[PDB]
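Down below is the structure, laid out as C-alpha cells.
Each value in this text was obtained by applying a stated rule to the coordinates, not by laboratory testing. Here the Cβ positions follow ideal geometry from the backbone for every residue, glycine too, while neighbour counts run over all protein chains shown.
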Amino acid sequence: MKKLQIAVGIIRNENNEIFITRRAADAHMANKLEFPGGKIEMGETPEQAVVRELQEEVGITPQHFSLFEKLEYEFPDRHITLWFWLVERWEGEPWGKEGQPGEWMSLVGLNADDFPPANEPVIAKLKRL
Ligand SMILES: Nc1nc2c([nH]c(=O)n2[C@H]2C[C@H](O)[C@@H](COP(=O)(O)O)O2)c(=O)[nH]1
Ligand SMILES: [Mg+2]
C-alpha cells in the first residue's frame, strides 16, 4: 500500500511569531509555505519520529515541544499522516534541514493557499483560529 507519515512543529519565535519555510530565502517555490519536521516517516516511532527529525529539521537548541494538533487522513488510494506539534521558543536561527529557509512570521495569518492545498485539513482547523 501507499502510505507516508509527516510530523512537524511550528517553531515559536521571540515575538509570538513562528518561523516556517515560506517561498524559501531565494528560491522559486513560492507555494512551499510549510513547516519543519517532515520526513519523520522514514522508520521512527510516533514519538521519536518528530523528536528525532526535530534535530534534523532544526539542528538548533530551542525550547520546543508539545503538540498543537495531529491528524491522519488517507487520500483515494493514498495515505498521508500529518502531525502538527507546538513550539514555544528557539535560540538563534533554525537550520536543521527542513528544506527552504524561512522568516519569523505571525502564525495568526497562516497561508493555506501558499502551502499545499491538499494539506489544508490541518490548517483548516487553526486557520479559522
Ligand atoms: N496522501 C497524500 N499525501 C500528501 C498530500 N499532500 C502532501 O504534501 N502529501 C505528502 C507529500 C510530502 O512528502 C509530505 C509532506 O512533507 P514533505 O513535503 O516535506 O515530504 O506529505 C495529499 O494531498 N495526500
Ligand atoms: Mg526531515
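Summarising the label geometry, the points placed 7 Å from Cα in the beta-carbon direction at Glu14 and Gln48 lie 3.5 nm from one another. For the chain, DSSP calls about 60 percent of its internal beta bridges antiparallel. Between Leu86 and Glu120, the distance separating the two model label sites (each 7 Å from Cα on the Cα→Cβ line) works out to 2.6 nm. Shown here for the stretch 1-106: chymotrypsin sites (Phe, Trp or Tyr not before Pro) in loop regions (DSSP other than H, G, I, E, B) with at most 13 other Cβ atoms within 10 Å, namely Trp95. Stretched out straight at 0.36 nm per residue, the stretch from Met1 to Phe68 would grow longer than its current Cα-Cα span by 21.2 nm.
Calculated mean residue ellipticity at 222 nm for the chain: -4000 deg cm²/dmol, from DSSP H runs with n ≥ 4 weighted as -39500 (n - 2.57), summed, divided by the residue count and rounded to 500.
Between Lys127 and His28, the contour length at 0.36 nm per residue exceeds the alpha carbon distance by 33.2 nm.
Comparing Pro116, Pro46, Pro76 in a Gaussian network model of the chain, where Cα atoms under 10 Å apart are tied by springs, the biggest mean-square fluctuation is seen for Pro76. Taking a straight line from the alpha carbon of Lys70, these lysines sit under 19 Å away, with near neighbours fewer than eight places off in the same chain left out: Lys3, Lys39, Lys125, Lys127. Its alpha carbons give the chain an Rg and a Dmax of 13.8, 43 Å.
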